[PDB]
Amino acid sequence: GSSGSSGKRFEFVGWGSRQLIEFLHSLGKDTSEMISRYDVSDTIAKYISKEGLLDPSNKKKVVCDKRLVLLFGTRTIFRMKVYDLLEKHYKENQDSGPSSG
């Protein structure tokens with residue numbers, strides 16, 4: 001083997017934030033080409049269950065364990081919010097307004 005690593009670090013790490021990246025890296029996701037949110041989100045929904053982050057009081061919710069925390073930084077979230085949660089991480093200018101609906 002013999003390859004570079006990284007030169008001249010800049011905002012984010014590719015298309016998504018390191019947080020999301022790393023998280024995907026660990027899981028074993030090949031953050032090669034811009035992945036579709038739905039996917040990452042879908043994987044999250046699976047991972048949440050896979051690991052068992054789900055909540056007993058309400059499965060509809062999600063109880064972050066660590067990875068999710070290091071990702072979002074929250075203790076609990078909505079299995080759905082996931083999509084949005086990522087919507088943030090992911091780069092790419094997102095035009096919207098006026099108002100935050």
# chains A, B, ... in the order shown; residues from 1 in each chain; ligands from 1
$ residues_around --residues "residue 54 in chain A" --least-positions-apart "3" --cutoff "10 Å" --atoms "only C-alpha atoms" --output "JSON, numbers by chain"
{"A": [45, 47, 48, 49, 50, 51, 57, 58, 59, 60, 61, 62, 63, 64, 65, 76, 77, 78, 79]}
$ write_last_selection --atoms "N, CA, C and O atoms" --output "PDB file, in the first residue's frame"
ATOM      1  N   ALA A  45     -32.118   4.276  11.286  1.00  0.00           N
ATOM      2  CA  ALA A  45     -33.309   3.648  11.834  1.00  0.00           C
ATOM      3  C   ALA A  45     -33.009   2.180  12.145  1.00  0.00           C
ATOM      4  O   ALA A  45     -33.454   1.654  13.163  1.00  0.00           O
ATOM      5  N   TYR A  47     -29.852   0.833  12.512  1.00  0.00           N
ATOM      6  CA  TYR A  47     -28.835   0.816  13.549  1.00  0.00           C
ATOM      7  C   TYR A  47     -29.455   1.031  14.931  1.00  0.00           C
ATOM      8  O   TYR A  47     -29.133   0.316  15.878  1.00  0.00           O
ATOM      9  N   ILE A  48     -30.336   2.018  15.002  1.00  0.00           N
ATOM     10  CA  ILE A  48     -31.005   2.336  16.252  1.00  0.00           C
ATOM     11  C   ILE A  48     -31.588   1.055  16.853  1.00  0.00           C
ATOM     12  O   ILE A  48     -31.397   0.778  18.035  1.00  0.00           O
ATOM     13  N   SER A  49     -32.286   0.308  16.010  1.00  0.00           N
ATOM     14  CA  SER A  49     -32.897  -0.936  16.444  1.00  0.00           C
ATOM     15  C   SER A  49     -31.826  -2.016  16.606  1.00  0.00           C
ATOM     16  O   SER A  49     -31.778  -2.699  17.628  1.00  0.00           O
ATOM     17  N   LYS A  50     -30.994  -2.139  15.583  1.00  0.00           N
ATOM     18  CA  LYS A  50     -29.926  -3.125  15.599  1.00  0.00           C
ATOM     19  C   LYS A  50     -29.261  -3.126  16.978  1.00  0.00           C
ATOM     20  O   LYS A  50     -29.167  -4.168  17.624  1.00  0.00           O
ATOM     21  N   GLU A  51     -28.816  -1.947  17.385  1.00  0.00           N
ATOM     22  CA  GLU A  51     -28.163  -1.799  18.676  1.00  0.00           C
ATOM     23  C   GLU A  51     -29.191  -1.884  19.804  1.00  0.00           C
ATOM     24  O   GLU A  51     -28.956  -2.544  20.815  1.00  0.00           O
ATOM     25  N   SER A  57     -40.677   3.376  26.411  1.00  0.00           N
ATOM     26  CA  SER A  57     -41.810   4.249  26.665  1.00  0.00           C
ATOM     27  C   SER A  57     -42.487   4.624  25.345  1.00  0.00           C
ATOM     28  O   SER A  57     -43.685   4.907  25.317  1.00  0.00           O
ATOM     29  N   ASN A  58     -41.694   4.613  24.285  1.00  0.00           N
ATOM     30  CA  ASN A  58     -42.203   4.948  22.966  1.00  0.00           C
ATOM     31  C   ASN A  58     -41.128   4.649  21.918  1.00  0.00           C
ATOM     32  O   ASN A  58     -40.144   5.378  21.807  1.00  0.00           O
ATOM     33  N   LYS A  59     -41.353   3.574  21.176  1.00  0.00           N
ATOM     34  CA  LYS A  59     -40.416   3.170  20.141  1.00  0.00           C
ATOM     35  C   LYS A  59     -40.312   4.279  19.093  1.00  0.00           C
ATOM     36  O   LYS A  59     -39.251   4.482  18.502  1.00  0.00           O
ATOM     37  N   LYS A  60     -41.426   4.966  18.891  1.00  0.00           N
ATOM     38  CA  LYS A  60     -41.473   6.050  17.924  1.00  0.00           C
ATOM     39  C   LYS A  60     -40.288   6.988  18.158  1.00  0.00           C
ATOM     40  O   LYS A  60     -39.834   7.662  17.234  1.00  0.00           O
ATOM     41  N   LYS A  61     -39.820   7.002  19.398  1.00  0.00           N
ATOM     42  CA  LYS A  61     -38.697   7.848  19.764  1.00  0.00           C
ATOM     43  C   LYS A  61     -37.401   7.040  19.657  1.00  0.00           C
ATOM     44  O   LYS A  61     -37.434   5.839  19.395  1.00  0.00           O
ATOM     45  N   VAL A  62     -36.291   7.733  19.865  1.00  0.00           N
ATOM     46  CA  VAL A  62     -34.987   7.096  19.795  1.00  0.00           C
ATOM     47  C   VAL A  62     -34.106   7.622  20.930  1.00  0.00           C
ATOM     48  O   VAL A  62     -33.971   8.832  21.106  1.00  0.00           O
ATOM     49  N   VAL A  63     -33.529   6.688  21.670  1.00  0.00           N
ATOM     50  CA  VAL A  63     -32.664   7.042  22.783  1.00  0.00           C
ATOM     51  C   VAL A  63     -31.202   6.878  22.359  1.00  0.00           C
ATOM     52  O   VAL A  63     -30.686   5.763  22.317  1.00  0.00           O
ATOM     53  N   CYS A  64     -30.578   8.008  22.057  1.00  0.00           N
ATOM     54  CA  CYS A  64     -29.186   8.003  21.638  1.00  0.00           C
ATOM     55  C   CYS A  64     -28.366   7.272  22.705  1.00  0.00           C
ATOM     56  O   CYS A  64     -28.675   7.351  23.893  1.00  0.00           O
ATOM     57  N   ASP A  65     -27.337   6.579  22.242  1.00  0.00           N
ATOM     58  CA  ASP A  65     -26.471   5.834  23.140  1.00  0.00           C
ATOM     59  C   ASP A  65     -25.110   6.531  23.223  1.00  0.00           C
ATOM     60  O   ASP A  65     -24.666   6.905  24.307  1.00  0.00           O
ATOM     61  N   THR A  76     -32.119  12.048  23.193  1.00  0.00           N
ATOM     62  CA  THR A  76     -33.258  11.421  22.546  1.00  0.00           C
ATOM     63  C   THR A  76     -33.662  12.210  21.298  1.00  0.00           C
ATOM     64  O   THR A  76     -33.470  13.422  21.236  1.00  0.00           O
ATOM     65  N   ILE A  77     -34.214  11.487  20.334  1.00  0.00           N
ATOM     66  CA  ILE A  77     -34.647  12.104  19.092  1.00  0.00           C
ATOM     67  C   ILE A  77     -35.820  11.308  18.514  1.00  0.00           C
ATOM     68  O   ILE A  77     -36.212  10.283  19.069  1.00  0.00           O
ATOM     69  N   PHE A  78     -36.346  11.811  17.407  1.00  0.00           N
ATOM     70  CA  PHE A  78     -37.466  11.160  16.748  1.00  0.00           C
ATOM     71  C   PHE A  78     -37.000  10.377  15.521  1.00  0.00           C
ATOM     72  O   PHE A  78     -36.358  10.933  14.630  1.00  0.00           O
ATOM     73  N   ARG A  79     -37.339   9.096  15.511  1.00  0.00           N
ATOM     74  CA  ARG A  79     -36.964   8.229  14.408  1.00  0.00           C
ATOM     75  C   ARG A  79     -37.114   8.969  13.077  1.00  0.00           C
ATOM     76  O   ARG A  79     -36.394   8.687  12.121  1.00  0.00           O
TER      77      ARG A  79
END
$ residues_around --residues "residue 90 in chain A" --least-positions-apart "5" --cutoff "9 Å" --atoms "only C-alpha atoms" --output "PyMOL selection string"
chain A and resi 15-17+20+37
$ select_by_dssp --residues "chain A" --states "helix (DSSP H, G or I)" --output "number ranges by chain"
A: 18-27, 37-52, 67-71, 81-89
$ atom_distance --atom1 "CA of residue 74 in chain A" --atom2 "CA of residue 19 in chain A"
12.9 Å
$ closest_residue --among "A:11, A:83, A:71, A:66" --to "residue 40 in chain A" --atoms "only C-alpha atoms"
A:83
$ atom_distance --atom1 "CA of residue 94 in chain A" --atom2 "CA of residue 36 in chain A"
15.0 Å
$ closest_residue --among "A:53, A:27, A:69, A:86" --to "residue 41 in chain A" --atoms "only C-alpha atoms"
A:86
$ atom_distance --atom1 "CA of residue 72 in chain A" --atom2 "CA of residue 85 in chain A"
7.0 Å
